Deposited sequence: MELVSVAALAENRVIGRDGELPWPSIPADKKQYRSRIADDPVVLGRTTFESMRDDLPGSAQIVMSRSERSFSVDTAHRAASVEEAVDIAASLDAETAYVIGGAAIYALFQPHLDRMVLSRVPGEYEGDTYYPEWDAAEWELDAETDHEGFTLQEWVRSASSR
């Protein structure tokens, strides 16, 4: 299954300028990074290179509008949602996570099975709006700085 990890405020903002409107949240950062640590990740090309020191999962399916060969042996290039899913399927992935950024989210949201949202309580980039009546809140653990929600399709 296809699932996205995202931390977003009440107005659905995920980013202002470049990154976070909000400050600290290491509770959040421990959480998501543990979550995706052993399964394939799907990410924008700039987020990939913004994490060259500490790469996000089992592998990385990198969304590029351009053909790219990578340094890392675990990095892959996908040009579409379909191609990404095929790469993860060739990896024998059980699940693959969509961690950012905004264009990638919008793009994958129609194909998403589950959503691990960190509800944070003014910006330009956004997490896509979902139908509240067509997703069941599977879990809602209260945490430090935010409140983690896993949302499944009905």
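Student: Please give the gaps, as residue ranges numbered from 1 in the deposited sequence, where no C-alpha is present.
Tutor: Model skips 1, 123-125, 159-162 of the deposited chain.
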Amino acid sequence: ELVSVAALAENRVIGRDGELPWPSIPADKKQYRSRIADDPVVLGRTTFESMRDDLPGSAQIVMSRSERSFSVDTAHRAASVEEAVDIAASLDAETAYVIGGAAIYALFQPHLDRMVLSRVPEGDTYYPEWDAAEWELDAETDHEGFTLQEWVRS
From here on, numbers count along this sequence of modelled residues.
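Student: When the Cα temperature factors in the entry are averaged, is it 6-14 or 19-27 that ends up higher?
Tutor: According to the PDB entry, the answer is 19-27.
Student: Per the PDB record, is the mean Cα temperature factor higher over 85-93 or over 55-63?
Tutor: Higher mean C-alpha B-factor: 85-93.
Student: Return the residue from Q109, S34, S118, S69 that has the highest Cα B-factor in the entry.
Tutor: If I rank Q109, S34, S118, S69 by C-alpha B-factor, first place goes to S34.
Student: Comparing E49 with the other modelled residues of its chain, is its CA B-factor in the lowest, middle or highest third?
Tutor: It belongs to the highest third of the chain when residues are ordered by C-alpha B-factor.
Student: Could you look up the Cα B-factor of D38 in the entry and say which third of the chain it sits in: lowest, middle or highest?
Tutor: It falls in the middle third of the chain.
Student: Going by what the PDB entry lists, where does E129 fall on CA B-factor within its chain: lowest, middle or highest third?
Tutor: For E129, whose C-alpha B-factor we compare with every modelled residue in the chain, the answer is the middle third.
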